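Worksheet: the structure to be examined is printed underneath.
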Amino acid sequence: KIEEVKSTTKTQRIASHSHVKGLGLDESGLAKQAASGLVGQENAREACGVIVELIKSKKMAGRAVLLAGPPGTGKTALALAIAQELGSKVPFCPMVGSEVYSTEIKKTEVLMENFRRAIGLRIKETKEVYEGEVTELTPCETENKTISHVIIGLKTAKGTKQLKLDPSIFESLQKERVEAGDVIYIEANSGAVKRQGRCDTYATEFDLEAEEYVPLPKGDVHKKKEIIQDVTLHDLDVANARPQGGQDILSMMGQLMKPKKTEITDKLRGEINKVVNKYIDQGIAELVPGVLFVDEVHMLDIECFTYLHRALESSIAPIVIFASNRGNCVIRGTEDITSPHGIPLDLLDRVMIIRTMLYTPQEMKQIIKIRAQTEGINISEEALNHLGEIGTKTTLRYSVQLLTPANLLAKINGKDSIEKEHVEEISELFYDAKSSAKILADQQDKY
Amino acid sequence: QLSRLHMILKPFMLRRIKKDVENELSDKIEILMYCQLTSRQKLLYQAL
Ligand SMILES: Nc1ncnc2c1ncn2[C@@H]1O[C@H](COP(=O)(O)OP(=O)(O)O)[C@@H](O)[C@H]1O
């Protein structure tokens, strides 16, 4: 009879490349004129179509590509398209070329952490666990005194068991302030314990108490189960270099101290490589090499460029995408030497270059329409043509940036959609990078 | 069809209908409430 609906959670925020959904190639490898949010750039999209096959082949290491072309042409839009095209499960690692200057660790090593982070690994971990209400708990004492065992009685909806356990686990149970009537979980591989609370059976025993109560665990007291774990090589490297597993005083206190980064040494990475190869051989593990994306590459230091000569020639390293928007600049750190894209010739010889190039007026109109319907706003055709003209006079970035401000004016004066007169007003409130640079050059006596 | 069945049933098939006799009862207020499924539900429903 009566009908009702509810939904009020605020939807996800729009941002600068949220319209991009993939490369929009056809099955033959050719580029469609407009698909999945991209338009234009056919040679560069076709080139990225080769690279998504190069990744999925799993054959290669240390291949590297440079997207190059003037500012505002869509370089990072393409790299983000590839991140969609590979799907979520392949690791894609985004980075900016000014992040190498850490205060904790040498630049040369920050690069290595990022390379090792871009190779993923998938593991079928088997865990064996005991859980239940603790109905009984007793230590067994021995001479030089020592503790030989703890005996634990556990209860679940299926019944009960009684177990004999190492003094390490007793030390853990004591630390967790466990008592009889508590419900606990123990994983025997790790030696770890978790308290959940008191069993619900006791929950009415006091008028006023601080505890939370949990229902009795279902299933057998002892069981083993498989968890599919996703991880990276870097995550194994670092978790071994400053450990926090186990339950000793040393690892427990290493969880409290300020977490400084450290130069992981080649011997550890060596030993981790051997371990993961042996996990693959047993059929426990699958390897998924991914992609590292280093935007603004033109400001790595020459120390860093000269390190990439070695890291890209590794048999392990993942596939790398660099990006740059510079002419014949001076190479950072040299003060004297200039080269294309800001990158040394010696490295530029170890990469394949993808050219990216300026848009026509028709392409700008098309992108603006795509973007307006992404930001969720309605625009009249004569207004959109006016924005097209503004694009040719300035930059497509500025032409897109006027959209939301214009829509605010439209709703303030009760219009549902952008009319030309709204754009014509907003254009006079906010200058662009060229028109503001003019007024500041005329009045140059006063700034 | 209907008239034939009615005449066949009439000698043996009493009726009341609530509104003739339950004059002192409130009528059922009947709500249909639409619900939107969660992210976990979307993932599974799509996989099916
Ligand atoms: N071919 C394209 N199709 C759709 N949107 C594009 C295209 N090229 C660029 N854009 C969008 O235009 C803007 C400029 O592209 P961007 O990737 O930021 O350029 P840049 O090469 O300078 O990093 C961004 O909002 C981007 O998503």
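Letters A, B, ... mark the chains of the structure tokens in the order given; residue numbers begin at 1 per chain; ligand numbers begin at 1, in order shown.
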
Which residues of chain A come within 10 Å of ligand 1, and what is each one's closest atom pair and distance in Å (one decimal), counting only C-alpha atoms and all ligand atoms, sorted by chain and residue number, as a Markdown table?
| residue | atom | partner | partner_atom_place_in_ligand_line | distance |
| --- | --- | --- | --- | --- |
| A:15 | CA | ligand 1 | 25 (O) | 8.2 |
| A:16 | CA | ligand 1 | 25 (O) | 4.6 |
| A:17 | CA | ligand 1 | 27 (O) | 4.1 |
| A:18 | CA | ligand 1 | 27 (O) | 7.4 |
| A:19 | CA | ligand 1 | 27 (O) | 7.0 |
| A:20 | CA | ligand 1 | 27 (O) | 6.7 |
| A:21 | CA | ligand 1 | 4 (C) | 10.0 |
| A:23 | CA | ligand 1 | 1 (N) | 9.6 |
| A:33 | CA | ligand 1 | 1 (N) | 9.8 |
| A:34 | CA | ligand 1 | 3 (N) | 8.1 |
| A:35 | CA | ligand 1 | 3 (N) | 9.0 |
| A:36 | CA | ligand 1 | 4 (C) | 9.1 |
| A:37 | CA | ligand 1 | 4 (C) | 5.8 |
| A:38 | CA | ligand 1 | 3 (N) | 3.6 |
| A:39 | CA | ligand 1 | 3 (N) | 4.4 |
| A:40 | CA | ligand 1 | 1 (N) | 5.2 |
| A:41 | CA | ligand 1 | 1 (N) | 5.9 |
| A:42 | CA | ligand 1 | 1 (N) | 8.9 |
| A:44 | CA | ligand 1 | 1 (N) | 9.7 |
| A:45 | CA | ligand 1 | 1 (N) | 8.9 |
| A:67 | CA | ligand 1 | 21 (O) | 8.5 |
| A:68 | CA | ligand 1 | 21 (O) | 8.2 |
| A:69 | CA | ligand 1 | 21 (O) | 7.1 |
| A:70 | CA | ligand 1 | 22 (O) | 6.9 |
| A:71 | CA | ligand 1 | 22 (O) | 4.0 |
| A:72 | CA | ligand 1 | 22 (O) | 3.6 |
| A:73 | CA | ligand 1 | 21 (O) | 4.4 |
| A:74 | CA | ligand 1 | 8 (N) | 3.4 |
| A:75 | CA | ligand 1 | 21 (O) | 3.6 |
| A:76 | CA | ligand 1 | 17 (O) | 4.0 |
| A:77 | CA | ligand 1 | 17 (O) | 4.0 |
| A:78 | CA | ligand 1 | 17 (O) | 7.0 |
| A:79 | CA | ligand 1 | 17 (O) | 8.4 |
| A:80 | CA | ligand 1 | 17 (O) | 8.5 |
| A:81 | CA | ligand 1 | 27 (O) | 9.7 |
| A:295 | CA | ligand 1 | 23 (O) | 8.6 |
| A:296 | CA | ligand 1 | 23 (O) | 9.0 |
| A:323 | CA | ligand 1 | 21 (O) | 8.2 |
| A:324 | CA | ligand 1 | 21 (O) | 8.1 |
| A:325 | CA | ligand 1 | 22 (O) | 7.2 |
| A:356 | CA | ligand 1 | 21 (O) | 8.1 |
| A:357 | CA | ligand 1 | 21 (O) | 9.3 |
| A:358 | CA | ligand 1 | 8 (N) | 9.3 |
| A:359 | CA | ligand 1 | 1 (N) | 8.3 |
| A:363 | CA | ligand 1 | 1 (N) | 8.1 |
| A:364 | CA | ligand 1 | 2 (C) | 8.9 |
| A:366 | CA | ligand 1 | 4 (C) | 8.5 |
| A:367 | CA | ligand 1 | 4 (C) | 5.5 |
| A:368 | CA | ligand 1 | 5 (N) | 8.5 |
| A:370 | CA | ligand 1 | 4 (C) | 7.7 |
| A:371 | CA | ligand 1 | 5 (N) | 7.7 |
| A:395 | CA | ligand 1 | 14 (C) | 9.6 |
| A:396 | CA | ligand 1 | 12 (O) | 7.0 |
| A:397 | CA | ligand 1 | 13 (C) | 6.0 |
| A:398 | CA | ligand 1 | 13 (C) | 9.7 |
| A:400 | CA | ligand 1 | 25 (O) | 8.0 |
| A:401 | CA | ligand 1 | 25 (O) | 9.4 |

Next item on the list: Identify every residue of chain B that has at least one atom within 10 Å of any atom of chain A, counting only C-alpha atoms, and report the result as a list in words.
Entry: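 Filtering chain B at 10 Å from chain A with only C-alpha atoms gives residues 28, 29, 30, 31, 32, 33, 34, 35 and 36 of chain B.
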
Please produce an output containing N, CA and C atoms for each residue in the selection, written as a tab-separated table (two decimals), in the first residue's frame.
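Contents of part33.tsv, freshly written:
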chain	number	residue	atom	x	y	z
B	28	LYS	N	-5.28	-3.53	7.96
B	28	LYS	CA	-3.84	-3.74	7.87
B	28	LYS	C	-3.19	-2.58	7.11
B	29	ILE	N	-2.31	-1.83	7.78
B	29	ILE	CA	-1.44	-0.89	7.09
B	29	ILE	C	-0.26	-1.69	6.55
B	30	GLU	N	-0.15	-1.77	5.22
B	30	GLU	CA	0.82	-2.64	4.57
B	30	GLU	C	1.90	-1.82	3.85
B	31	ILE	N	3.15	-1.97	4.29
B	31	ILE	CA	4.29	-1.23	3.77
B	31	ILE	C	5.15	-2.17	2.93
B	32	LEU	N	5.53	-1.72	1.73
B	32	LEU	CA	6.65	-2.31	1.02
B	32	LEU	C	7.87	-1.40	1.16
B	33	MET	N	8.95	-1.91	1.76
B	33	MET	CA	10.15	-1.14	2.01
B	33	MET	C	11.27	-1.65	1.11
B	34	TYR	N	11.74	-0.80	0.20
B	34	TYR	CA	12.84	-1.18	-0.66
B	34	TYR	C	14.18	-0.96	0.05
B	35	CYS	N	15.10	-1.91	-0.16
B	35	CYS	CA	16.42	-1.91	0.45
B	35	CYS	C	17.50	-1.99	-0.63
B	36	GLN	N	18.66	-1.38	-0.36
B	36	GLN	CA	19.76	-1.41	-1.31
B	36	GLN	C	20.82	-2.35	-0.76

Note to self: One decimal, in Å: what's the spacing between atom CA of residue 160 of chain A and atom CA of residue 203 of chain A?
What the structure shows: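 That distance, rounded to one decimal, is 20.9 Å.
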
Item checked: Those in chain B with helix (DSSP H, G or I) from DSSP, as a PyMOL selection string -> chain B and resi 2-9+18-21+39-47

If you keep N, CA and C atoms, can you produce a file of those selected residues as a tab-separated table (two decimals), in the first residue's frame?
chain	number	residue	atom	x	y	z
B	2	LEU	N	-15.79	-17.85	-15.20
B	2	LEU	CA	-16.01	-17.50	-13.80
B	2	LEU	C	-17.43	-17.84	-13.34
B	3	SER	N	-18.44	-17.45	-14.14
B	3	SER	CA	-19.85	-17.66	-13.82
B	3	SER	C	-20.18	-19.14	-13.62
B	4	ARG	N	-19.59	-20.02	-14.45
B	4	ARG	CA	-19.79	-21.47	-14.36
B	4	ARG	C	-19.29	-21.98	-13.01
B	5	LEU	N	-18.04	-21.61	-12.65
B	5	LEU	CA	-17.45	-21.98	-11.38
B	5	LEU	C	-18.26	-21.45	-10.19
B	6	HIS	N	-18.70	-20.18	-10.25
B	6	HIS	CA	-19.51	-19.59	-9.19
B	6	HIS	C	-20.78	-20.41	-8.93
B	7	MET	N	-21.53	-20.72	-9.99
B	7	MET	CA	-22.78	-21.47	-9.88
B	7	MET	C	-22.54	-22.91	-9.39
B	8	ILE	N	-21.42	-23.53	-9.77
B	8	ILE	CA	-21.06	-24.86	-9.30
B	8	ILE	C	-20.73	-24.84	-7.79
B	9	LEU	N	-20.05	-23.78	-7.31
B	9	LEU	CA	-19.61	-23.67	-5.91
B	9	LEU	C	-20.72	-23.25	-4.95
B	18	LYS	N	-13.53	-10.16	5.10
B	18	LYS	CA	-13.29	-9.53	6.39
B	18	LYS	C	-14.09	-8.24	6.57
B	19	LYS	N	-14.15	-7.38	5.54
B	19	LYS	CA	-14.74	-6.05	5.67
B	19	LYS	C	-16.25	-6.06	5.93
B	20	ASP	N	-16.93	-7.20	5.74
B	20	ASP	CA	-18.36	-7.30	6.04
B	20	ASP	C	-18.61	-7.54	7.53
B	21	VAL	N	-17.63	-8.10	8.27
B	21	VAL	CA	-17.85	-8.66	9.60
B	21	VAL	C	-16.84	-8.14	10.63
B	39	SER	N	28.09	-3.70	-0.47
B	39	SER	CA	29.23	-3.98	-1.34
B	39	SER	C	29.51	-5.48	-1.44
B	40	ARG	N	29.52	-6.20	-0.30
B	40	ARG	CA	29.76	-7.64	-0.31
B	40	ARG	C	28.67	-8.36	-1.11
B	41	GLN	N	27.41	-7.91	-0.98
B	41	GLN	CA	26.32	-8.47	-1.75
B	41	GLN	C	26.48	-8.19	-3.25
B	42	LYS	N	26.92	-6.99	-3.65
B	42	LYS	CA	27.17	-6.67	-5.05
B	42	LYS	C	28.19	-7.61	-5.67
B	43	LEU	N	29.32	-7.83	-4.98
B	43	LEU	CA	30.41	-8.67	-5.48
B	43	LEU	C	29.93	-10.10	-5.76
B	44	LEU	N	29.20	-10.69	-4.81
B	44	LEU	CA	28.67	-12.04	-4.96
B	44	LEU	C	27.57	-12.10	-6.01
B	45	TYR	N	26.61	-11.17	-5.98
B	45	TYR	CA	25.51	-11.16	-6.93
B	45	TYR	C	26.05	-11.08	-8.36
B	46	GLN	N	27.03	-10.19	-8.59
B	46	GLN	CA	27.70	-10.08	-9.88
B	46	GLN	C	28.42	-11.37	-10.29
B	47	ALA	N	29.17	-12.00	-9.37
B	47	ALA	CA	29.85	-13.26	-9.66
B	47	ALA	C	28.86	-14.38	-10.04
